[PDB]
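Reading through the structure tokens given below for one structure.
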Amino acid sequence: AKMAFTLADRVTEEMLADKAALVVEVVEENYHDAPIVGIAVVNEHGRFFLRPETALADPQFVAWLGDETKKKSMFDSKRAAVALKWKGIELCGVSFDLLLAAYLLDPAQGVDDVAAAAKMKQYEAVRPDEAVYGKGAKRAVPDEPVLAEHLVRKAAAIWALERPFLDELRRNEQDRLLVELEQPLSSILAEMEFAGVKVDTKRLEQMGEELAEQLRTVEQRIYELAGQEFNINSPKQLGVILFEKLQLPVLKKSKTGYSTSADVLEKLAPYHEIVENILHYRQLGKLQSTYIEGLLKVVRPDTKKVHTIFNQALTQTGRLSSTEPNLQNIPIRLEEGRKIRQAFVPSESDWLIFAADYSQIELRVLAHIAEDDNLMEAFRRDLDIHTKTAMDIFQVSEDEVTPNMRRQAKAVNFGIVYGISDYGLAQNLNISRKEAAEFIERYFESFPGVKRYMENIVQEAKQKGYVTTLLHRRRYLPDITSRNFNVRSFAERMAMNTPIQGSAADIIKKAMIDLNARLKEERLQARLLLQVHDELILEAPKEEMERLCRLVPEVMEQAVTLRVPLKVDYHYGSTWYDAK
DNA sequence: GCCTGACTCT
DNA sequence: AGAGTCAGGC
Ligand SMILES: OC[C@H]1O[C@@](CO)(O[C@H]2O[C@H](CO)[C@@H](O)[C@H](O)[C@H]2O)[C@@H](O)[C@@H]1O
Ligand SMILES: [Mg+2]
């Protein structure tokens, strides 16, 4: 059965109505500078398919695309907006994005095409993209009649589905979350991705060469100490060398044999010199394969920029993710790895990189939502939260907090945030379950409000079926009623963690929106380049630094008002590395 | 081609 | 707790 539509060869006025479902199809997973393979419009006057070489060269269609008062309903408008930016065309007036609507209604559905969103409301008159385009090697744009019918069915689905999605969003009290947060954020992310980040490829290559030399040296030491050559990057081959040839103790096994995970290796270190060398080899090898070679693979040779894609409709807690490359996991913890950041530079001469980050946003959020008196007071005094947590758990003065005590209190703070469990904490601090339970017990004695919150949120998740964040993002937790201890326990941790991690995600998203508006009002040339969960990275003329130093922290700090202050630290420099 | 297990980040 | 990428290997 084949849906009726006009296969148009020229644009007409009735295609330019002030309300329409719009499909601007980009089949390449990475949409940066990618082809647009077809366009479909469904509105009051009918259903239309347009070839892109026709539509995009029509002045009236382009004018309609960029006219803010002509409203469009779409799926994944950021994909279209970005593909259109590369062609020098502005997309405006997108008042409804079905991908973002589906994501807000239930992030666990993993909706990634119109068909999956449609299935949520018993609408099935549209094919999954994978059925049409195929998968992997055999992936391909089909012939025009098939392609056209597909885009029109997607448009028609968007047209039919807008009202029930908005209606449910409204009952969820998530209508503003879509309209005033996620959709405006989607435009901001499109600009960030399109702007891209400049890479000093010569610097990267130099680092690659030094790395290659050190890798060879560690590699040869490894063969020396094992008394033979083998594939160090083969967990199978390595396990044989470690646990059979060298007789190292077996403390952990994988599902598939011996575990050679990094924490297993740390413990083995005192037995044989080879172990530290393997850890080092693996550190350097990760830098080499992923942050030199992999990174250089995705730099555009023409502009020396990388253009990540932020997935805004993926994570279960409302964070963004980043791909091709992932710019949210660039090394920082170890100095040799952190040097990778010297290769990320401003895109114009006499510009600098500026980075601002919230300090302890998750614990500040927890203090607000739990209304824990002790925790709120700690932030009101702007104390070192880890030292203060140690003072309370160990019942000592600040003077008596040793480094090991602070380290352990820090670890409990992590656990408390992730949904605390004696097992997870024990694993982390290399201690017994009974020991870990005493820590948690001491914690809850010092922060009774936090304990009440943990109990109350788990009950609420049971009662309601979901938990929510500050700005009404929602996560359903059906395993919270499971009679399987481990399944139920995962869900209980999720109930505890999600309002924390998710409310922190909400706050920085709102900061981003506020920041973008302030930058425009101030006519600054500064631009957002990246978000890394609790931090924003910008580039700007060196002449705007002093202004950004006052502006960016204030905007981020005032994004929401909590029972405790938000605090933002900031730095700038000639490279991302230097913005520290 | 998918999987596993290893690594990277907040 | 939440993510993404890579080499080895089936
Ligand atoms: O365009 C991003 C948007 O598309 C989806 C599918 O609807 O993901 C596709 O694009 C991502 C970016 O290239 C890929 O990582 C992903 O594999 C691909 O299916 C959504 O998940 C995402 O929000
Ligand atoms: Mg921070």
Side-chain angles (χ1 to χ4, degrees), chain A residues 107-108 134-139 230-239 252-265 278-295 297-298 308-334 336-338 340-341 355 357-363 365-366 411 413-421 424-425 427-428 467 469 473 475 477 489-505 508 530-537 576:
Chain A
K135 182 146 177 174
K138 305 162 187 175
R139 188 175 173 88
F230 65 106
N231 194 332
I232 310 165
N233 286 320
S234 168
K236 254 187 257 179
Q237 288 184 50
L238 178 59
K252 293 179 179 179
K253 8 104 200 69
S254 293
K255 293 179 179 179
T256 60
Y258 308 114
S259 169
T260 65
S261 80
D263 44 334
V264 174
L265 286 198
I278 290 158
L279 288 159
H280 192 26
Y281 177 88
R282 270 189 190 164
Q283 185 216 2
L284 301 179
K286 181 52 184 182
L287 301 179
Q288 187 68 301
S289 77
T290 299
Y291 302 103
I292 283 77
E293 290 170 3
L295 190 60
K297 291 164 64 167
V298 302
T308 191
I309 292 184
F310 288 105
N311 198 327
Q312 186 188 359
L314 177 58
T315 78
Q316 300 305 301
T317 55
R319 311 229 285 210
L320 304 176
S321 76
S322 163
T323 57
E324 301 192 75
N326 186 350
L327 290 181
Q328 293 180 326
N329 73 347
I330 306 297
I332 198 178
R333 173 179 52 103
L334 304 177
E336 309 111 298
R338 181 180 198 148
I340 293 297
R341 296 182 175 218
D357 66 280
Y358 292 99
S359 172
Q360 304 296 333
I361 190 175
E362 292 178 324
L363 290 173
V365 165
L366 175 57
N413 280 328
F414 278 56
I416 288 295
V417 165
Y418 296 163
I420 195 57
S421 76
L425 186 61
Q427 180 178 53
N428 199 262
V467 294
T469 68
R473 192 177 313 273
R475 180 176 190 187
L477 295 169
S489 294
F490 268 93
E492 296 181 340
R493 296 198 290 279
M494 294 186 197
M496 295 186 259
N497 177 261
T498 293
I500 294 171
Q501 191 190 111
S503 295
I508 193 159
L530 301 174
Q531 188 242 58
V532 194
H533 314 306
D534 71 343
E535 70 172 331
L536 299 179
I537 314 303
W576 195 1

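In what follows, chains are A, B, ... by sequence order, proteins preceding strands, each numbered from 1.
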Measure CG/A/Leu477 against P/C/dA1 and give the value in whole Å, please.
13 Å

Specify the closest pair of heavy atoms between A/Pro499 and A/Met494, including all atoms of both residues, with the distance to one decimal.
CD-O, 4.2 Å

Counting only side-chain nitrogens and oxygens, does A/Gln237 get under 4.0 Å of the OP1 or OP2 atom of C/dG9?
yes

Mind checking if A/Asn231 touches a base, just sugar-phosphate, or nothing, with heavy atoms under 4.0 Å?
sugar-phosphate

Of all the nucleotides listed (C/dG2, C/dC10, C/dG4), which has the minimum atom distance to the side chain of A/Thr317?
C/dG2

Would you mind classifying the nucleic acid contact of A/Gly294 as base, sugar-phosphate or nothing, using non-hydrogen atoms under 4.0 angstrom?
sugar-phosphate

Rounded off to whole Å, could you give me the CZ-to-P distance for the A/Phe490 and C/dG2 pair?
8 Å

Taking ring pair (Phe, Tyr, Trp, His ring centres under 6.0 Å) as the test, write out the residues that go with A/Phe490, two or more places apart.
none

Starting at CD of A/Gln531 and ending at P of C/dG2, how long is that distance when rounded to a whole Å?
17 Å

Under 4.0 Å, heavy atoms only, any strand: does A/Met496 hit a base, just the sugar-phosphate, or nothing?
nothing

Looking at every non-hydrogen atom in both residues, tell me the closest pair between A/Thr260 and A/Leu265 and how far apart they are.
O-CG, 3.8 Å

Distance check needed: C/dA7 P versus A/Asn233 CG, whole Å only.
8 Å

Does any N or O in the side chain of A/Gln328 come within less than 3.5 Å of the main-chain N or O of A/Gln531, such that one atom is a donor and the other an acceptor?
yes

Determine the contact category for A/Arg475: base if any of its heavy atoms lies under 4.0 Å from a base atom, sugar-phosphate if only primed atoms, P, OP1 or OP2 are that close, otherwise nothing.
sugar-phosphate

Ignoring hydrogens, what is the shortest heavy-atom contact between A/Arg473 and A/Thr317? Give both atom names and the distance.
CD-O, 3.6 Å

Would you mind reading off the distance between A/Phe230 atom CZ and C/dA7 atom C1', rounded to a whole angstrom?
15 Å

Heavy atoms under 4.0 Å is the rule here; annotate nucleotides 5-10 of chain B 5' to 3' with B where the base is hit, S where only the sugar-phosphate is, and - elsewhere.
SSBBSB

For A/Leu425 and A/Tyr418, run side-chain contact (heavy atoms from CB on, under 4.5 Å): C-alpha distance rounded to whole Å, both residues' side-chain angles, the deciding distance at 0.1 Å, then the answer.
CA-CA 10 Å; A/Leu425 186 61; A/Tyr418 296 163; over 6 Å; no

Can you name the nearest heavy-atom pair linking A/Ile278 to A/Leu238, along with the distance?
CD1-CD1, 3.6 Å

Taking OP1 and OP2 of C/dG4, is either one under 4.0 Å from a side-chain nitrogen or oxygen of A/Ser321?
yes

Look at all strands and tell whether A/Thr498 reaches a base, only sugar-phosphate, or nothing, counting heavy atoms closer than 4.0 Å.
nothing

